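Trainee: Just so it is clear, I am handing over input_3.cif, which has mmCIF, C-alpha atoms.
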data_entry
loop_
_atom_site.label_atom_id
_atom_site.label_comp_id
_atom_site.auth_asym_id
_atom_site.auth_seq_id
_atom_site.Cartn_x
_atom_site.Cartn_y
_atom_site.Cartn_z
CA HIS A 59 55.04 262.80 -89.87
CA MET A 60 57.14 265.67 -88.39
CA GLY A 61 59.22 264.51 -85.40
CA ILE A 62 57.95 260.89 -85.60
CA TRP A 63 60.46 258.13 -84.75
CA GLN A 64 59.92 254.39 -84.52
CA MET A 65 62.25 252.46 -82.22
CA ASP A 66 63.12 248.87 -81.25
CA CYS A 67 66.03 246.83 -79.81
CA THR A 68 67.65 244.19 -82.02
CA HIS A 69 70.49 241.74 -81.20
CA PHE A 70 73.67 241.28 -83.05
CA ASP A 71 76.85 239.41 -82.03
CA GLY A 72 75.68 239.25 -78.40
CA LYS A 73 75.08 242.99 -78.16
CA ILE A 74 71.88 245.05 -77.94
CA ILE A 75 71.41 247.80 -80.53
CA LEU A 76 68.73 250.36 -79.92
CA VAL A 77 67.48 251.48 -83.34
CA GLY A 78 65.44 254.67 -84.08
CA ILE A 79 63.97 255.32 -87.54
CA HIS A 80 62.75 258.79 -88.56
CA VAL A 81 59.67 257.47 -90.31
CA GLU A 82 59.29 260.19 -92.96
CA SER A 83 62.89 260.02 -94.22
CA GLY A 84 64.11 256.54 -93.23
CA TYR A 85 67.11 258.10 -91.46
CA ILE A 86 68.51 255.75 -88.85
CA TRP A 87 69.89 256.41 -85.37
CA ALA A 88 71.46 253.47 -83.57
CA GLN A 89 73.45 252.87 -80.46
CA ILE A 90 74.72 249.81 -78.64
CA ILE A 91 73.19 249.74 -75.13
CA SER A 92 74.67 247.80 -72.16
CA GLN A 93 71.44 246.18 -70.99
CA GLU A 94 67.83 246.08 -72.19
CA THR A 95 66.64 247.99 -69.15
CA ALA A 96 64.67 251.12 -68.28
CA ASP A 97 67.84 252.93 -67.19
CA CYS A 98 69.95 252.18 -70.32
CA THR A 99 67.00 252.80 -72.60
CA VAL A 100 66.12 256.18 -70.95
CA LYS A 101 69.76 257.16 -71.28
CA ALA A 102 69.86 256.33 -75.02
CA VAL A 103 66.46 257.95 -75.72
CA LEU A 104 67.58 261.15 -74.02
CA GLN A 105 70.67 261.17 -76.29
CA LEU A 106 68.39 260.93 -79.31
CA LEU A 107 66.09 263.77 -78.03
CA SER A 108 69.18 265.94 -77.47
CA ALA A 109 70.27 265.58 -81.11
CA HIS A 110 67.04 265.44 -83.10
CA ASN A 111 63.56 266.77 -83.11
CA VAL A 112 61.34 264.07 -81.65
CA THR A 113 57.60 264.73 -81.11
CA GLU A 114 56.50 261.11 -80.81
CA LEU A 115 58.09 257.71 -80.30
CA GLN A 116 56.54 254.48 -81.55
CA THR A 117 57.77 251.43 -79.72
CA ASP A 118 56.76 248.01 -78.56
CA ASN A 119 55.70 247.31 -75.01
CA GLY A 120 58.90 245.80 -73.71
CA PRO A 121 59.47 246.58 -70.09
CA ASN A 122 62.46 248.81 -70.97
CA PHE A 123 59.99 251.10 -72.88
CA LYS A 124 56.87 250.60 -70.74
CA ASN A 125 57.81 251.70 -67.25
CA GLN A 126 57.44 254.61 -64.85
CA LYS A 127 60.91 256.10 -65.61
CA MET A 128 60.34 256.29 -69.38
CA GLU A 129 56.79 257.44 -68.85
CA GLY A 130 58.01 260.34 -66.69
CA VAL A 131 60.87 261.36 -68.98
CA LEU A 132 58.76 261.38 -72.09
CA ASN A 133 56.03 263.43 -70.31
CA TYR A 134 58.65 265.85 -69.13
CA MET A 135 60.08 266.24 -72.67
CA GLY A 136 56.58 266.54 -74.26
CA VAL A 137 57.04 263.43 -76.45
CA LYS A 138 53.98 261.28 -77.26
CA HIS A 139 54.48 257.53 -76.79
CA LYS A 140 52.67 254.95 -78.90
CA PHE A 141 53.16 251.27 -78.24
CA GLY A 142 51.72 247.74 -78.58
CA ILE A 143 53.08 244.21 -78.79
CA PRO A 144 56.39 243.31 -80.49
CA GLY A 145 55.95 243.36 -84.22
CA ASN A 146 52.51 245.06 -84.26
CA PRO A 147 51.69 246.92 -87.47
CA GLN A 148 50.31 250.02 -85.61
CA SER A 149 53.56 251.21 -83.94
CA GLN A 150 56.25 248.73 -85.16
CA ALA A 151 55.58 248.16 -88.84
CA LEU A 152 58.99 249.32 -90.13
CA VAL A 153 61.34 247.70 -87.60
CA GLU A 154 61.64 244.10 -88.79
CA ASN A 155 62.61 245.19 -92.27
CA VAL A 156 64.90 248.00 -91.15
CA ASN A 157 66.69 245.82 -88.58
CA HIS A 158 67.13 243.11 -91.34
CA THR A 159 68.83 245.69 -93.61
CA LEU A 160 70.95 247.23 -90.87
CA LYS A 161 72.33 243.82 -89.86
CA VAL A 162 73.35 243.00 -93.42
CA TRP A 163 75.36 246.20 -93.46
CA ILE A 164 76.84 245.63 -90.04
CA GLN A 165 78.00 242.22 -91.20
CA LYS A 166 79.49 243.77 -94.31
CA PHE A 167 81.69 246.10 -92.22
CA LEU A 168 82.64 243.69 -89.48
CA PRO A 169 85.70 242.30 -91.29
CA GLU A 170 86.98 245.76 -92.11
CA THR A 171 86.69 247.43 -88.73
CA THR A 172 88.27 246.90 -85.32
CA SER A 173 85.03 246.83 -83.28
CA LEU A 174 81.33 246.12 -83.57
CA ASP A 175 80.76 249.73 -82.57
CA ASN A 176 82.68 250.97 -85.61
CA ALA A 177 81.01 248.38 -87.90
CA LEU A 178 77.64 249.77 -86.71
CA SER A 179 78.68 253.36 -87.33
CA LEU A 180 79.87 252.50 -90.86
CA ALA A 181 76.63 250.62 -91.63
CA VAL A 182 74.53 253.53 -90.32
CA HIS A 183 76.63 255.99 -92.31
CA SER A 184 76.13 253.97 -95.54
CA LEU A 185 72.41 253.79 -95.04
CA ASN A 186 72.00 257.46 -94.16
CA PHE A 187 74.35 258.95 -96.74
CA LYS A 188 73.61 256.71 -99.81
CA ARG A 189 71.01 258.19 -102.22
CA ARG A 190 67.95 256.00 -102.86
CA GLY A 191 68.71 254.19 -106.23
CA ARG A 192 65.86 255.94 -108.10
CA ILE A 193 65.85 258.89 -110.46
CA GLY A 194 65.26 261.77 -108.02
CA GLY A 195 66.52 259.78 -105.08
CA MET A 196 67.76 261.56 -102.00
CA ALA A 197 69.81 260.16 -99.08
CA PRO A 198 67.83 259.67 -95.84
CA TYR A 199 69.93 262.34 -94.15
CA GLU A 200 68.94 264.77 -96.97
CA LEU A 201 65.31 263.93 -96.70
CA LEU A 202 65.52 264.53 -92.96
CA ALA A 203 67.14 267.97 -93.33
CA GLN A 204 64.85 269.00 -96.15
CA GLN A 205 61.72 267.95 -94.24
CA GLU A 206 62.78 269.76 -91.06
CA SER A 207 63.87 272.87 -93.04
CA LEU A 208 60.43 273.17 -94.74
CA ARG A 209 58.62 272.38 -91.50
#
What does this structure look like when you write it as structure tokens?

Mentor:
Amino acid sequence: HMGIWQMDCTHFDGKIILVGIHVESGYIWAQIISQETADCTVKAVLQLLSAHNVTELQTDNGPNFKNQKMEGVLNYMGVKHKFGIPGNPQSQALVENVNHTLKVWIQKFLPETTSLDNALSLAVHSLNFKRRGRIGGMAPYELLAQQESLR
């Protein structure tokens, strides 16, 4: 599962959060986007591709993902795109559960930050930089780095 990310939009406190999960490590990337549109979604996905190795994206078929602009960008960047209906187990199996967890952590940080954006960043940080609570457990960020390094 080198380069494989699964992505979905979720909604929290009236805002749209585009969430990307590196499926092999569980590392999370997340950004608030202005609108659930082709243009905002292309913009955010390009930011992810600029920062991380992405070989394939697994999404649902929302019109912000399934459209000529995204199709063209992903072709141009050499990224495979897998999609089906919202919630499908083929390309969206991890998102309900991950978005559930992320929101719990966002809520946790809300009262101690000055913005939703900072609450999100703190929740993401916690999830990426906490070791799995098991004997050999690694943080998702570590698993990411280690997997890429070997690759």

Trainee: Running the PyMOL selection byres ((chain A and resi 166) around 12) on this model by hand, what would come out? Give it as a PyMOL selection string.

Mentor: chain A and resi 159-165+167-171+174+176-182+184

Trainee: List as a PyMOL selection string the protein and nucleic acid residues near region 90-97 of chain A, meaning an atom at most 12 Å away when all atoms listed in the file are counted, but skip any in the same chain fewer than 3 places from it.

Mentor: chain A and resi 66-78+87+100-105+119-131+173-179

Trainee: Do a neighbour search on residue 189 (chain A) at 9 Å with all atoms listed in the file, toss out local chain neighbours closer than 5 positions, and write the hits as a PyMOL selection string.

Mentor: chain A and resi 194-198+200

Trainee: Please determine, counting all atoms listed in the file, which residue among A:185, A:203, A:138, A:193 has the shortest atom-to-atom distance to residue 156 (chain A).

Mentor: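 The closest residue to residue 156 (chain A) is A:185.
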
Trainee: Give the answer as one residue: which of A:111, A:83, A:117, A:204 has the shortest atom-to-atom distance to residue 147 (chain A), using all atoms listed in the file?

Mentor: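 Answer, going by the shortest atom-to-atom distance: A:117.
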
Trainee: Starting from the displayed file, determine the output of the PyMOL selection byres ((chain A and resi 209) around 12) and express the residue list as a tab-separated table (two decimals) with C-alpha atoms, in the frame of the given file.

Mentor:
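Wrote out-v9.tsv, looks like this:
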chain	number	residue	atom	x	y	z
A	59	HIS	CA	55.04	262.80	-89.87
A	60	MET	CA	57.14	265.67	-88.39
A	61	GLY	CA	59.22	264.51	-85.40
A	111	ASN	CA	63.56	266.77	-83.11
A	201	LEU	CA	65.31	263.93	-96.70
A	202	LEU	CA	65.52	264.53	-92.96
A	203	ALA	CA	67.14	267.97	-93.33
A	204	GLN	CA	64.85	269.00	-96.15
A	205	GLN	CA	61.72	267.95	-94.24
A	206	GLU	CA	62.78	269.76	-91.06
A	207	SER	CA	63.87	272.87	-93.04
A	208	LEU	CA	60.43	273.17	-94.74

Trainee: Convert the output of the PyMOL selection byres ((chain A and resi 149) around 9) on the shown file into explicit residues, formatted as a list in words.

Mentor: residues 64, 65, 115, 116, 117, 118, 140, 141, 142, 143, 145, 146, 147, 148, 150, 151 and 152 of chain A

Trainee: So how many Å separate CA of residue 153 (chain A) and CA of residue 172 (chain A), to one decimal?

Mentor: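 Atom-to-atom, CA of residue 153 (chain A) to CA of residue 172 (chain A), that is 27.0 Å.
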
Trainee: Could you put an axis-aligned box around every listed atom of region 170-185 of chain A, padded by 5 Å on each side, and send me its centre and edge lengths in Å to one decimal, as lines of an AutoDock Vina configuration file?

Mentor:
center_x = 80.3
center_y = 250.9
center_z = -89.1
size_x = 25.9
size_y = 20.2
size_z = 23.0
